[PDB]
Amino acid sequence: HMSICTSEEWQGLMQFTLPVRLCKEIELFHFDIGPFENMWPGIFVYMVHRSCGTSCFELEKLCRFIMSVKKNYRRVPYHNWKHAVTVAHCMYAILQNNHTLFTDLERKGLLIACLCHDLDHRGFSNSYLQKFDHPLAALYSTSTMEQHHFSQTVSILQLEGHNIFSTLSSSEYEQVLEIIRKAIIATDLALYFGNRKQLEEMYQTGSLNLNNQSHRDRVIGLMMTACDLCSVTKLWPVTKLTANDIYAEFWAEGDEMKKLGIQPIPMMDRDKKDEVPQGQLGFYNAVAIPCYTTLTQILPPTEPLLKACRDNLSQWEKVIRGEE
């Protein structure tokens, strides 16, 4: 039930080289993958190679892997291929700027997990599938989509000629898969609030210890979250755009509820469009800013994300006060 790429696709990938002019910009946090759709898979490989060295993975098995992932993203307005790459990029920037805080095994795991984190998203929220009464919530009933996303990854990983991790030891294999699982589950926004509070705590009392694996997992998790929301960290006109994308889904979900004579929350109601800027404000203020603030504290080199967030915040304020 997994979908595979054709030899044409993956072989195309292998032959791609990145234009020299992007080499610089790719290293920047606010870098936008938007205007380079064909290059997306190629851009992932590049990031893999630079982070983890050129022969970290048998290039052949890697390219098949990436194109198959692509094919299992659906054609929805936001939780799509583009999202997966954008998020994976953001993690690349994070890893790059903290290069020795993490292991080869973490960096392989995390870029992979990012690319895989929303695999086979249907544009329906966790709340929806549970609240009426999908076969998926009938299988995992906390963090529904996220457990599916991980299962999907594993399925793709177990496909013929696709196993990029094959040449690890079986102990290392079972570790990276662990890393990944925790990383993906962490993107359930429900878990983030608990997780950031815990971190907030540990940092403030100076009991945060990157040698303690449990702490490691929470710092990783926060990263995953930071990466997931990173649209808010692009330059205003990019962010503005990405917003319409996230809303299109929300309102498609809202519509599907209205069809069962159920009133959607205002966020998912396209008849409540003018409330949007305000909603951003709220989201930036209760979610985004706290996310990046805590990340910047733990990982000072990730400060530019926070800075870009704040700039977008005040653009939303300017929109509300009516100056855009």
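A residue's number is simply how far along the shown sequence it sits, counting from 1. What we label the rigid core is the largest C-alpha set whose atoms superpose within 1.5 Å from one form to the other.
With every structure aligned by its rigid core, 129 to 137 is the stretch of 234 to 242 and 129 to 137 whose CA positions lie farther away in 7 other deposited structures of this protein. Between 16 to 24 and 296 to 304, the larger mean CA deviation from the shown form in 7 other deposited structures of this protein, after core superposition, belongs to 16 to 24. Comparing the deposited coordinates for 217 to 225 and 203 to 211, the stretch with the larger average C-alpha B-factor is 203 to 211. Look at the C-alpha B-factors of 279 to 287 and of 61 to 69. On average they run higher in 61 to 69. Reading the B-factor column for the CA atoms of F193, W236, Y173, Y247 in the entry, the top value corresponds to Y173. For the set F165, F150, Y78, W251, the maximum C-alpha B-factor listed in the entry falls on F165. When the CA B factors of the chain's modelled residues are split into thirds, the value for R270 lands in the middle one.
Per the deposited record, the Cα B-factor of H83 falls in the lowest third when ranked against the other modelled residues of its chain. The deposited CA B-factor of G261 belongs to the highest third of values across its chain. Annotation for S231: C-alpha temperature factor in the lowest third relative to the rest of the modelled chain, per the entry. Sorting the modelled residues of the chain by their CA temperature factor places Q297 in the middle third.
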